[PDB]
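Colleague: Generate a structure from the sequence data that follows.
(chains A and B)
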Amino acid sequence: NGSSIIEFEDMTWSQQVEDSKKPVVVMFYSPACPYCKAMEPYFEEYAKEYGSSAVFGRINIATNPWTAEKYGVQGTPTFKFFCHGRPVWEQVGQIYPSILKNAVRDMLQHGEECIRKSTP
Amino acid sequence: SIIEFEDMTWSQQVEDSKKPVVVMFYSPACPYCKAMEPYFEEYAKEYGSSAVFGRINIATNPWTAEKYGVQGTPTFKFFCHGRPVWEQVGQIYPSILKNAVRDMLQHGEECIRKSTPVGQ
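Modeller: Numbers count the residues shown, from 1 in each chain, chains lettered A, B, ... in the order given. Take a look at the structure below.
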């Protein structure tokens, strides 16, 4: 649903995520996963609420093993927040929506500093 | 107190642990890791009985770094029987890491339970 949710995929991930200016928030999902379906409405409400501050996208892990592998995603849903090109936060599972909402807000405020205060 | 983990033994020390595991991925040359060390060590001391606390040098252990897609240091992760549930990257105000840890101590297991393994 747009919401402007991007469908990311292996072959252009590096352009769309790692070379992004803006923060990126990603849901790793599987079409088969009941927990992903449970989270989906809230991912879409928060994507709309915060669209001006971040990019939001989903990547199907049934079909995109390379990016799952790259980030060590072992289950679905997995939410990940990217700053400049780099992961800053992750949470796995069906979680209360407010936990997702708050971690997005927190990373929007802190995420750039987290990345500045890490070494590659 | 904290356990040094290594590639060769990771499957036993981390993935086969019955207790949850909190891992700090570090480099000896990283000032952000250095700044976070005492706090990570204090948290290991407060919650020793709920979880195993450990750390792994990524310069010397490239395989687990690749496996979990670690791209900067420090990266903190929480594991439940070898499944990653949460991560945060960077030097951060340390109580943010305490609260994530406390939260995962009580919620990490149900998070993994409410998720679908990537091969399935």
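Colleague: So which residues on chain A come close to chain B?
Modeller: If contact is defined as C-beta under 8 Å from any C-beta of the partner chain, the residues of chain A in contact with chain B are A:30, A:32-36, A:61, A:68-78, A:86-95, A:106, A:110, A:113-120. To be clear about C-beta, it is placed using only N, CA and C from the backbone, and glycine gets the same treatment.
Colleague: In helices, which of those appear?
Modeller: Within those, membership in helices is found for A:34-36, A:68-71, A:106, A:110, A:113-116, as judged by DSSP state H.
Colleague: Tell me the spacing between the residue nearest the centre of chain A and chain B.
Modeller: In chain A, the C-alpha nearest the mean C-alpha coordinate belongs to residue A:26, at 1.6 Å (C-alpha atoms, centre = their mean). Using C-beta to the nearest C-beta, to the nearest Å, one gets 12 Å for the distance from residue A:26 to chain B.
Colleague: Repeat that for residue A:22.
Modeller: Summarising the geometry, the distance separating residue A:22 from chain B, computed by C-beta to the nearest C-beta, is 18 Å.
Colleague: And that residue, how close does it get to residue A:56?
Modeller: Here residue A:22 is placed at a distance of 10 Å from residue A:56 (C-beta to C-beta, to the nearest Å).
Colleague: Repeat that for residue A:3.
Modeller: Residue A:3 sits at a distance of 7 Å from residue A:56 (criterion: C-beta to C-beta).
Colleague: quick one: common contacting residues for these two?
Modeller: Common neighbours of residue A:3 and residue A:56 (criterion: C-beta atoms under 8 Å, 6 or more residues apart in numbering or on different chains): residue A:47.
Colleague: neighbour count winner among the two?
Modeller: Here residue A:3 and residue A:56 are compared on neighbour count by other C-beta atoms under 10 Å in any protein chain shown; more neighbours surround residue A:56, at 24 against 13.
Colleague: Can you verify my assumption that the more buried one contacts residue A:50?
Modeller: Yes. The criterion here is C-beta atoms under 8 Å, and residue A:56 meets it with residue A:50 at 7.5 Å.
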